[PDB]
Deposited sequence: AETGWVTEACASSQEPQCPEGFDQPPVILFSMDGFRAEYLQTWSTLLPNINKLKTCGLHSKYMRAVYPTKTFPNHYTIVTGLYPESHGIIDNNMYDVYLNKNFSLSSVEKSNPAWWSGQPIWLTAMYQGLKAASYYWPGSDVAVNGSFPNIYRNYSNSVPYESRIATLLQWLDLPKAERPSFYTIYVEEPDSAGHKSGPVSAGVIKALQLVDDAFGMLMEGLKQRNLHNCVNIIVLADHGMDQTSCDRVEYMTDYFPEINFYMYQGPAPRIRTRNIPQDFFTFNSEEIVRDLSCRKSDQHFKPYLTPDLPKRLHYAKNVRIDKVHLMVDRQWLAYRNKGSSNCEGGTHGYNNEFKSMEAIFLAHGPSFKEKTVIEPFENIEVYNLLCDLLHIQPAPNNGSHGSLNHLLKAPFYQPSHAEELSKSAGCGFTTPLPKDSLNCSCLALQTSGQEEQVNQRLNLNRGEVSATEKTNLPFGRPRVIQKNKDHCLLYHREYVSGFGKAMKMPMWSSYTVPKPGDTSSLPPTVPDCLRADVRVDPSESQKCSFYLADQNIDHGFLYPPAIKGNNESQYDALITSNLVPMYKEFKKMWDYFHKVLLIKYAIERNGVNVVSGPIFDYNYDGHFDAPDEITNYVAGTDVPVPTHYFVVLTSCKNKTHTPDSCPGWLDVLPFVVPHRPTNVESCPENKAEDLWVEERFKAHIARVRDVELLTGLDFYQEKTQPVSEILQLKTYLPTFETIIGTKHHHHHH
């Protein structure tokens, strides 16, 4: 097989191509980029088949949360396996890989691919995979093996080939095979070591035995084989360890130590909810200038991580820096580990695919492991269970896609807010000491002109039932006003390539918006008002008046407004120069229950004092330009370049530690730490973007799932 050149070529009885999901634990993307030529079997798969630059794992980058994510398409908060070691307060049980509780189905939520195949008339086999030796939803796969880590790889491969030799009626359609290396070697001596080289060659021989076994059965060009990893590997040192004793004079709490720490009470289940979580994060915040970890309350963690909505995820969390560790006390730390931020290059996992359904000799852009489940369903010709993947985003991997995606259906239509009188019925206790409202009255030609410039990819669609809203048109921007919350859901504007300050003490009522559906300036006097669209970004002094209205007002904390004003005055201009103009879509996010979805009116717990106007938990800023920098965002036919942000709307800037530090040293870093996907913004707002962009839905889904890295 290895000496043979590159290639459904299926034999008798094989009507549909079988699927083999091979996992090599801790096989980082870096190993494939550097040591490929040392691994002849994996290098042939890299040359002949399809492979991604890297595959992004889920946070924490651990074995059990990631392996269960690949087979369910769910974030650990949804499937329940948030760590290899965890505690459930309601069950009052401890989960560990050594305990009998690992076999307890009460911990395993969602629907793994082996169950989905069995429920839809197909047989599924498994030679190791977290959850496959567990009766998930009262059922085990057709053929499974109870975990035994030391069984030689040659035996694992031979048993898998015996399953493929079974008669058509007994023979499974889906297979999973798991291997411990190069993770074990990575933990012992680190990612760049001789032990890792030996472990990589060991997994190459194991994969070689499988491919040679398939070659003998003439299934080498029939089977749709996927070779991936759960996470990556990074180097650790005992000199690179942070101790909690250096921050607390007496530790009375329990800590899940390592690269992704969690802090809870010792007295469980009695004091679990009464435990002062905010006191612990406060006592660990900005303690030292060179602190190698960042304490967070789970709702304050970057939203792209999706690591909060589960009782097993303790409120106190620590974001540990690259190559560092966090322990309770000095007491292992040598070699290497994983569990860190999934954005870190060292945590990136491999992804390779070969078969008749996959594209030959293709290098695909990086993607997330939450997307694998829908792809597995497509290969198996089965309907996927509700997951967090975007069905159709991985269609560019398949020769002939099984599923065809479509744009999300708008559940609410725009109505009202038409220009009637240029005089306001209610002043709304607003004042401008400096007829101008005629600029707000746009004709069909003027409306089409602002739609062409400020809405080049079409208006964001409202994917919310009974959401009373209207579209407000201006010469420099277009906004979608949410009537019930008295503020806009989104504000869209295309800043041109640049080559003035905001008008002070001037604010008036919007003549188009009804007084009962608009904010009053007196509401903020009794947290201050902020402008969603920056009034001074486009046009001149007279152009500013179109933005110095009540409909452009959003509730903002004084400390958050410092980051917001700096971003639109300094950072936004810098980005507009770099990408030859930029289309900006900004708006509020309400997620008080921290489920990663837009809040219902009854879910919002904080409002502006004495009023029904809600306080946003986050603010989104989606920057869209074109890949080809010769064209502007408003006039471009090709692929787009996106940079979305989901910045938490917090009363303090404690997350940045900005004491005695100028805004040019911490604002950009804070925005960069809260970068998300367009899909993350879409889930948190109940909006759908780029529906009028002339491109297939599968291609737009790639842009929506894309995560910009720095």
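Chemist: Going by C-alpha coordinates, which parts of the deposited sequence are missing from this model?
Modeler: No C-alpha for residues 1-4, 12-15, 340-341, 445-452, 518-522, 550-552, 737-749.
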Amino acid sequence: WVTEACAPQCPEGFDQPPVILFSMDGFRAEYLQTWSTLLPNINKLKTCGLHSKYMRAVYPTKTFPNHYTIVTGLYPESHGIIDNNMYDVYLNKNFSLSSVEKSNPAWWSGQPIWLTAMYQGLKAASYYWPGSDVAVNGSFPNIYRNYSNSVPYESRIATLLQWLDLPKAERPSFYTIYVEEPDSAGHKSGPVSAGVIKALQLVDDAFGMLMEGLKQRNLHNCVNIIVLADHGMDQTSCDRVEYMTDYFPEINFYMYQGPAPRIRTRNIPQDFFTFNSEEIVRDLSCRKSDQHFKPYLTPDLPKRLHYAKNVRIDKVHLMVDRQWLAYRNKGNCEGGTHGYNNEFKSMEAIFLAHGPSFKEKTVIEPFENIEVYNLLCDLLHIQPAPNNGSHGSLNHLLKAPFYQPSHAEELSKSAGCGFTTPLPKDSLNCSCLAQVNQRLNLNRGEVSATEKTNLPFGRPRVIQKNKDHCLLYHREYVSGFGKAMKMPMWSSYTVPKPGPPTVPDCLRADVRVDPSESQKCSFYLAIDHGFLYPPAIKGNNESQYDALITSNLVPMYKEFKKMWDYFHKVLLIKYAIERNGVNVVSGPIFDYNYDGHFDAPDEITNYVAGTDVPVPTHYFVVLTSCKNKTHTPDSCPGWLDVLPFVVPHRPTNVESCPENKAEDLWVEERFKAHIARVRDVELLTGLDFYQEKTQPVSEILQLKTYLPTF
From here on, numbers count along this sequence of modelled residues.
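Chemist: If you take the mean CA temperature factor per stretch, which one wins between 38-46 and 62-70?
Modeler: Stretch with the higher mean C-alpha B-factor: 38-46.
Chemist: Would 637-645 or 672-680 have the larger average of its C-alpha temperature factors, as given in the entry?
Modeler: So the stretch with the higher mean C-alpha B-factor is 637-645.
Chemist: Compare the CA B factors listed in the entry for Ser289, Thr176, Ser390, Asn341 and report the winner.
Modeler: Of the options given, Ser289 has the highest CA B-factor in the PDB entry.
Chemist: For the listed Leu305, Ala326, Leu202, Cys417, which has the peak Cα B-factor recorded in the PDB entry?
Modeler: Comparing C-alpha B-factors across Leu305, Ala326, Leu202, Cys417, the top value belongs to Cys417.
Chemist: Would the CA B-factor of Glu692 place it in the lowest, middle or highest third of its chain?
Modeler: CA B-factor rank for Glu692: middle third.
Chemist: Split into thirds by Cα B-factor across the chain's modelled residues, where does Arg217 land: lowest, middle or highest?
Modeler: Highest third - that is where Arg217 ends up once the chain's C-alpha B-factors are sorted.
Chemist: Relative to the other modelled residues in the chain, which third contains the C-alpha temperature factor of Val227: lowest, middle or highest?
Modeler: Its C-alpha B-factor belongs to the lowest third of this chain's values.
Chemist: Relative to the other modelled residues of the same chain, rank the CA B-factor of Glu699 and answer lowest, middle or highest third.
Modeler: It belongs to the middle third of the chain when residues are ordered by C-alpha B-factor.
Chemist: Is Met24 in the lowest, middle or highest third of its chain when residues are ranked by C-alpha B-factor?
Modeler: CA B-factor rank for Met24: lowest third.
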